[PDB]
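# Notes for the structure review
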Protein chains: 6
Amino acid sequence: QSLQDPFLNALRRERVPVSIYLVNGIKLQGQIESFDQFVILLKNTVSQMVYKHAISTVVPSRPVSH
Amino acid sequence: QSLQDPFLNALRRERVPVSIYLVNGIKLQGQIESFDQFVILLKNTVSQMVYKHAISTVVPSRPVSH
Amino acid sequence: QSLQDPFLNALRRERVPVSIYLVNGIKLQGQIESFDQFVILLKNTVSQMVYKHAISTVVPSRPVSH
Amino acid sequence: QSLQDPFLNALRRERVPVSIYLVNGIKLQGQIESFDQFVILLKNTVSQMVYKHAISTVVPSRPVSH
Amino acid sequence: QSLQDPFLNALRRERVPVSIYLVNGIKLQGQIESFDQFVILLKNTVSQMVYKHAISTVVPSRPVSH
Amino acid sequence: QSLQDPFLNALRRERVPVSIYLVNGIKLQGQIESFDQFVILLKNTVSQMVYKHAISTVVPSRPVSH
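Basis of the calculations
Residues numbered from 1 in each chain as written, not as in the entry; some residues may be left out. Chains lettered and ligands numbered in written order. Heavy atoms only, no water. Least-squares fit on C-alpha atoms. Pairing = 2+ DSSP bridges. Helix = DSSP H or I, 4+ residues; strand = E, 2+ residues; numbered from the N terminus. Contact = heavy atoms within 4.5 Å. Buried area = accessible area lost by both parts, 1.4 Å probe. Salt bridge = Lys/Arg side-chain N within 4 Å of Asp/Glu carboxyl O. Polar contact = N/O pair within 3.5 Å; in protein donor to acceptor, adjacent residues only side chain to side chain. Nonpolar A, V, L, I, M, F, W, Y, C, P; charged D, E, K, R; others polar. Buried < 20%, exposed > 50% of the residue type's maximum accessible area, 1.4 Å probe, protein only.

The deposited coordinates for this entry were obtained by X-ray crystallography, with a reported resolution of 1.30 Å.

## Concerning the relation of the copies chain A and chain F
Each copy of the sequence occupies a distinct position, and chain A is placed on chain F by a rotation of 60° and an axial shift of 0.0 Å, giving an RMSD of 0.0 Å. A rotation of that kind, with that shift, is consistent with a six-fold axis.

## Focus: the pairing of strand β1 (residues 17-22) of chain C
Residue and element names in this part refer to chain C. Direction of pairing for β1 relative to strand β2 (residues 27-35): antiparallel, over a ladder of five bridges. Across the sheet, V18 pairs through a bridge with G30, a residue of β2. Between β1 and β2, which pair antiparallel and follow one another directly, the connecting turn spans four residues, one of which, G25, has a positive phi of 95°. In the sheet, β1 pairs with strand β5 (residues 55-60) via five bridges, with the strands oriented antiparallel. Bridge pairing in β5 links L22 to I55.

## A short note on the interface of chain F and chain E
Reports of interface size often rely on the accessible area that becomes lost once the parts have come together. Contacts between the two partners involve 20 residues from chain F, matched on the other side by 19 residues from chain E. Between chain F and chain E, roughly 1,500 Å² of surface is buried when both sides are summed, and carbon and sulfur atoms account for 65% of that area. The three residues of chain F that bury the most area against chain E are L3(F), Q4(F) and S56(F), which together make up 33% of that side's buried surface. Seen at the junction of chain F and chain E, the total is zero salt bridges. Counting the contacts that link chain F with chain E gives nine residue pairs in polar contact. Here the element with the most residues in the side of chain F that touches chain E is strand β5 (residues 55-60) of chain F; it accounts for six residues. In terms of residue class, the side of chain F that touches chain E is built from twelve nonpolar, six polar and two charged. The pairing of strand β4 (residues 47-51) of chain E with β5(F) spans two bridges and is antiparallel.

## Overview of the interface of chain A and chain F
Taken together, the contacts link 20 residues of chain A with 19 residues of chain F. Its largest share of buried area at the contact with chain F, chain A owes to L3(A), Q4(A) and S56(A), together 33% of the area lost on that side. Connecting chain A to chain F are zero salt bridges. Scanning the region where chain A abuts chain F turns up nine residue pairs in polar contact. With six residues, strand β5 (residues 55-60) of chain A is the single largest residue contributor to the side of chain A that touches chain F. Here the side of chain A that touches chain F is composed, by residue class, of twelve nonpolar, six polar and two charged.

## So, the pattern of salt bridges
Evaluated as defined, the whole model comprises twelve salt bridges over all chains. Residue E14(D) is joined to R13(D) by a salt bridge in which the shortest nitrogen-to-oxygen separation is 3.2 Å. Under the relative-accessibility criterion, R13(D) is labelled partly exposed at 44%. With a closest N to O distance of 3.1 Å, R62(F) and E14(F) form a salt bridge.

## Quick look at the relation of the copies chain F and chain E
Laying chain F over chain E is done by rotating through 60° and shifting 0.0 Å along the axis; what remains is an RMSD of 0.0 Å. Mapped onto chain E, only 15% of the interface residues of chain F are again interface residues, and the two copies thus contact each other with different surfaces.

## A few points about unusual backbone geometry
Phi is positive for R15(A), which is not a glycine, with a value near 60°. Positionally, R15(A) belongs in the loop between α1 (4-14) and β1 (17-22).

## Observations regarding the environment of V46(F)
Along the chain, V46(F) falls in the loop between β3 (39-43) and β4 (47-51). Classification of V46(F) by relative accessible area gives buried; the value is 14%.

Here's what the structure looks like:
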């Protein structure tokens, strides 16, 4: 049903450092702790809850199985 | 069903000071009083009703159980 | 079902002056005359129909019961 | 069910000159010829089809019954 | 059910040159080859697939029957 | 049901280099590896997951059958 779900899940499972680029030009970095329909929880010191509607791209720091 | 709901609820329940970053680059601060499907009520002097569609991230000022 | 509806309704009923901040950085002011699922009618000289998708926050000029 | 529909319909029926402000800061002017769920047709020389998602506000040039 | 569909269809059928203005201020030009629920295919050398969510207005270069 | 799906699928199947223009003015380039309802996976060194809501246009580098 989804390519998004298995991609994000691979990133979460493998604890791959990612860059999440926002539509406003900000780049966030961390590891994906969890996600659901509308948000991604991006972990560093604290977990930032990122609304998907604000994201342009999710870019892994290295290739991942998917 | 949701990771967003228990995260926001933990922030509300624990009265943790948060930063809510808007997609336009404004940073709001306060405590989350309540929220529903589409909005978050952010309390200081008055309660500001923030539309989720305008939010990029919600960042707690300290780690919280979730 | 909603926190948004009773909040906007309190603002409407009590005729509280509000500021409606748009995502593009414009601040509108007036009283909320009415609202529905998608829009808020903001009254001054004429009524401006404001699409919720364009709004970041609704901020009352004084605390209101909700 | 809607306040938006009777408002736009009053503007259409009465052929009131309006300003439609876009979220990007452009102001369009004309008369509303027609509208549906997602768009407003704004008439001058030609009819411009305006997506509601791009609109911040619709402001009549004079008060209208609604 | 729709005013959008017959408008776009008239533009497509009559092969009228159009300007499609994006919310970010870019103006695209061409002829509408096809469209569906979410996108418009705008033809010149190649066909550009334009997401409706990115469009502010569609403006025909001359009046068209609708 | 869709023109978007067969267009993206032709681009994927034929491995045509594309430009994906974001609403914020960034231009991404690569080949479309896969896509679903909400995202496009754009391949170069790694696969970037691009949210459709952030895309304005998808432009093939050469004409493609559709």
